[PDB]
J.: 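If you scroll down you'll find the structure; I have some questions about it.
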Amino acid sequence: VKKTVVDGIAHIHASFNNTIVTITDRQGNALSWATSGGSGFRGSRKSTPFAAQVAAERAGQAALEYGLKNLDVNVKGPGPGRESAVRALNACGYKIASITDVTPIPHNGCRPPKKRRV
Amino acid sequence: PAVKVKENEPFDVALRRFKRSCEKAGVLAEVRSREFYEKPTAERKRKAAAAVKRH
Amino acid sequence: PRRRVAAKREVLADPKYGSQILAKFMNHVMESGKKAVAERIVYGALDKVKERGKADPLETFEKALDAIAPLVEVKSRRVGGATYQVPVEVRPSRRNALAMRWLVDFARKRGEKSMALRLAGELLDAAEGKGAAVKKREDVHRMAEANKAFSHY
RNA sequence: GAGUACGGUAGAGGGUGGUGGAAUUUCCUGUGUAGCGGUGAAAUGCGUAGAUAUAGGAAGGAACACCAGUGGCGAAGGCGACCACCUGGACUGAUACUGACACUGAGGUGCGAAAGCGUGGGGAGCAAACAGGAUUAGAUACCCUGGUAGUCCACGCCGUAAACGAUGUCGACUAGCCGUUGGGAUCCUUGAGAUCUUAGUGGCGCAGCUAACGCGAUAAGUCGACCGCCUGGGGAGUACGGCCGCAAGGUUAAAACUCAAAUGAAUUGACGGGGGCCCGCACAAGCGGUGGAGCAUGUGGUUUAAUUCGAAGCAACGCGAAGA
């Protein structure tokens, strides 16, 4: 149904292989989500900024049915589409109050995997 | 890594300030370095070359 | 690699209509350098177009080529060790030339009696936008707008 | 020379206990719905039993982002979160004191990365082995998905590394120039720089040395004390014996035989699935073709009595032959 939420938060889980955009409220209750791999982009096209904005635009219009006009952008992770997905949120009806990078940074914690000997 | 959009400016220049904040913090470089584990020999060998280039 | 500026060839206007746009159309439909034979085709084709509707065979040529000339086209391109068909816009010098390309090629493979009425058959069949040359234009446009992911040059 | 007494300075020097933040994983709950994850692309895998994402909470282990620096400390191996306790050394200033008490060092003894071994704990991530998915002619690999020992802690053992500066320790002397760390002295008392001096830590460089590369006050230069080690390559740091070890193994350490060379540095060329620049119907865009069909020609093969001989990738095959 219509939750009638006016203030939201947009999360872009941009990675080197896929970009997941999720629109949520100020308390972290998700409403709509879309991914680059879920928009017909598979393989080499899933890791392209154009696929990222298609995911952001697809989830963008699915989020207006809640009557959402204000949101804060929480982009996280590296990859081709950290910014291209945010520019998609501007094309559809929205105003961005703030843009924040929430990419997790270990303070030299858990050991990462080994170098790929490609 | 955090910018606030002000009144009466285009959202385009809000983006350019955003990544300018990002490279100032250097978050992309940090996540690139933590992608895989660099052994202490490879890390010390990289820093030794960094000192040579600087001088 | 090359450093040459290639060459700038000029085409003189047609003697029966005073339009250099038909000159390169004549230049395109050529076979074995037979200038006199081929120009008999277009004028007979233009008479057929003029005799069947319209008011001027020259203006429907103008109407025909824009419906054939694409506005975008991909090209094979290797950057990251793989082939990325980057869609690129077609320059004005090339779009009309390739428009003249696809009109004759698909009319040559038609089932009508002679080319004199076969290019003429496509001319109105392409001016309204329901011909095979029109069909070939959109699938090229279909080739792009799907590879839009690759936009780096 | 060596050492002691005093004030001070810097430090990831070492040991024993606490404490913190970021992050990962696992679990619980809410929202929410078709993917997530991965790759060159896939697939194994995870997911409609509701995954990933997002928010709140909890547990647990490991390492301490930024600071961070040819920076610092340490005999070396090594040592990076913070704090408290215990503790070694170095540097620095003057005065005071002993008065050669020094250097080196076969044996000997102590410490000694990582892996490994034993007993007991612990276990988040990573990951030998192992399993599956790919790739490949094959792939006991590279890549992906998982994953055990191990990595962590305590107490023992091992005693080896490209344990390297491939450069033993100690002392003296020999142009300079440019940085940097901890001090000291004088000009600047400057507010704030400059000049000497010392202990380190780097980059050039005269002389000198070097086979050359290069070293060049942190010498591989000029010397002196002592010690260790080498005598062509392979066999071989192997066998045998001794000592050590729980083991894996370590250490000491040959010969027969065999070869006429192995080797270091540097030069020219060539090559590179190294880099930079440039050109050619080399590529790109098109024009028309061959390869499919019939005929002409030559060649290989076959056959023949001979099917005369030569030409054999580009650069032989309508070539010598401009005509059996």
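Residue numbers start from 1 in every chain, and the chains themselves are labelled A, B, ... in the order their sequence lines are given, proteins ahead of strands. When reading the values below, keep in mind they use all heavy atoms of this one structure, side chains included, and skip hydrogens, waters and symmetry mates.
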J.: Which members of residues 58-66 of chain A, sorted by number, sit under 4.5 angstrom from chain B on a heavy-atom basis?
T.: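 Interface residues of residues 58-66 of chain A: none, nothing closer than 4.5 Å to chain B.
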J.: Count the heavy-atom pairs under 4.5 Å between each of B:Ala42, B:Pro1, B:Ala25 and chain A, then report the option with the highest count.
T.: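 It is B:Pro1.
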J.: Donor-acceptor pair, distance only, cut-off 3.5 Å: does the side chain of B:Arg34 make one with the backbone of A:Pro106?
T.: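 Yes, the answer is positive, given that a donor and an acceptor are paired below the 3.5 Å cut-off.
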J.: Which bit of A:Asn108 comes within less than 4.5 Å of chain B, counting heavy atoms only: side chain, backbone, both or neither?
T.: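 Looking at A:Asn108, backbone and side chain both touch chain B.
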J.: In Å, rounded to the nearest 0.5 Å, how long is the span from CG of A:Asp101 to NZ of B:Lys19?
T.: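 Reported to 0.5 Å precision, the distance equals 12.5 Å.
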J.: Which atom pair, heavy atoms only, marks the closest approach of A:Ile96 to B:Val5?
T.: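 Shortest heavy-atom contact: O-CG2, 3.2 Å.
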J.: What's the verdict on side chain to side chain contact (heavy atoms under 4.5 Å, CB included) for A:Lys95 and B:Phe11, showing C-alpha distance, side-chain angles and the deciding distance?
T.: CA-CA 8 Å; A:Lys95 71 55 181 173; B:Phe11 163 76; over 6 Å; no
J.: What part of B:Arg32 is in contact with chain A, defined as an atom under 4.5 angstrom from a non-hydrogen atom: side chain, backbone, both or neither?
T.: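 For B:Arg32, the contact with chain A is made by the side chain alone.
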J.: For atom NZ of B:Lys45, is the number of surrounding heavy atoms from other residues, nucleotides or ligands below 6.0 Å larger than 12?
T.: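 It does not: B:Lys45 NZ has 12 such atoms or fewer within range.
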J.: Quick check: under 4.5 Å, non-hydrogen atoms only, which of residues 83-93 of chain A neighbour chain B?
T.: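 Hits under 4.5 Å: A:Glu83, A:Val86, A:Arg87, A:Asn90.
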J.: Among B:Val31, B:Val3, B:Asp12, which has the most heavy-atom pairs under 4.5 Å with chain A?
T.: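 Going by pairs under 4.5 Å, I would pick B:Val3.
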J.: If you check every heavy atom in residues 42-51 of chain A against those of chain B, which residues fall under 4.5 Å?
T.: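 Counting heavy atoms that sit under 4.5 Å from chain B, no residue of residues 42-51 of chain A is involved.
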J.: Of all the residues in residues 111-118 of chain A, which have a heavy atom that comes within less than 4.5 Å of a heavy atom in chain B?
T.: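 So far as heavy atoms go, A:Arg111, A:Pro112, A:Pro113, A:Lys114, A:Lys115, A:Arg116 are the residues that approach chain B to under 4.5 Å.
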J.: Could you tell me which non-hydrogen atom of B:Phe18 sits nearest to which non-hydrogen atom of A:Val75, and how far apart they are?
T.: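 Closest approach of B:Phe18 to A:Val75, heavy atoms only: CZ-CG1, 3.5 Å.
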J.: Using every non-hydrogen atom in the two residues, find where B:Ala14 and A:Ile99 come nearest and quote the distance to one decimal.
T.: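 Closest approach of B:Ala14 to A:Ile99, heavy atoms only: O-CD1, 4.2 Å.
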